[PDB]
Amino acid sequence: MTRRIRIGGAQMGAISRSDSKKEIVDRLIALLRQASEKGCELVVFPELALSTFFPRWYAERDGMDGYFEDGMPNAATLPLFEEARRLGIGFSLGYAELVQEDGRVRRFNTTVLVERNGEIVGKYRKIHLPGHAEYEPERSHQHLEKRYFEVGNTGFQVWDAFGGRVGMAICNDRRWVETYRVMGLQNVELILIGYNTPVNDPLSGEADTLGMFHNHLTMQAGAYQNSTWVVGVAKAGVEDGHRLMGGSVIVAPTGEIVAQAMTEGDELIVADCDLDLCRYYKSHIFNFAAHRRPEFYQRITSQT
């Protein structure tokens, strides 16, 4: 399915330890009305947008649940759904999902996708957990996503959404060619990726002069190599003495950046994304069929 959709990249400034959830949620609602006054049918929020990036903070493995969410539409998060449904906007919202299964607690790094009528289209849970499970002393900053999260049971699902084929990856998911390719082989036309990337290297304690190089290099190639719109929205800023990288971008099926956010705070980038351009380029069978020969890709499934 295919047509022409206006996406709002709703980049977020910092959130601190101090901030009340009401502030953060008003901050999302403000971006929402902005995308609304701009015709955006879909608006994309970042990873862990209801929170600070608490993986830089050491605590028992059940010591973060305050930052998590017991249900998706919450008392806390319910005005954000009322508004989105009232204005008839859909939104991808990254958050920290708290869920009970067999009587144990299960904690995922989740993004929920909600259709313009206000009803959930789905839920992705982060597959690639970066960081380390334990406290590692010789590092200027900490990254304990493994300590506070389990590998999601979702998989890389691509849904019939917003008049096209929509998929969702999360953050460092975007450095692995698998994330794009898996959703690719599903005819995905719109991959939504929210992200928090620290600006410095933890091993050296220094800034990665190549940080946005890599941030944009992985997404443009994904887009291009898979003929898919790719939307990357940042939570940037200095949270609690820790700077995150901005550079949110809407990327075309061809690899072209069409929208870039110049700040490290709340910023709504925006662009009209013909989903049908994707389906066209996917008709490369004309000449460059170069047809998938899975007989040779086998190593990708014994490891990767």
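Note that residue numbering follows the sequence shown and begins at 1.
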statement: Going by the entry, of stretches 38-46 and 54-62 the one with greater average Cα B-factor is 54-62
message: Tell me which stretch, 86-94 or 153-161, has the higher mean Cα B-factor listed in the entry.
response: 153-161
task: Going by the CA temperature factor in the entry, name the top one among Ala289, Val25, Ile15, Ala10.
output: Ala289
- prompt: Which is it among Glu256, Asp70, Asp240, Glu264: the one with the largest CA B-factor in the entry?
  reply: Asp70
task: Report the third (lowest, middle or highest) to which the CA temperature factor of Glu115 belongs, ranking only the modelled residues of the same chain.
output: middle
statement: Entry-reported C-alpha B-factor of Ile193 relative to its chain, by third, is lowest
message: Using the temperature factors of the C-alpha atoms in this entry, rank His128 within its chain: lowest, middle or highest third.
response: middle
task: Report the third (lowest, middle or highest) to which the CA temperature factor of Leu275 belongs, ranking only the modelled residues of the same chain.
output: highest
task: Place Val166 in the lowest, middle or highest third of its chain's C-alpha B-factors, as listed in the PDB entry.
output: lowest
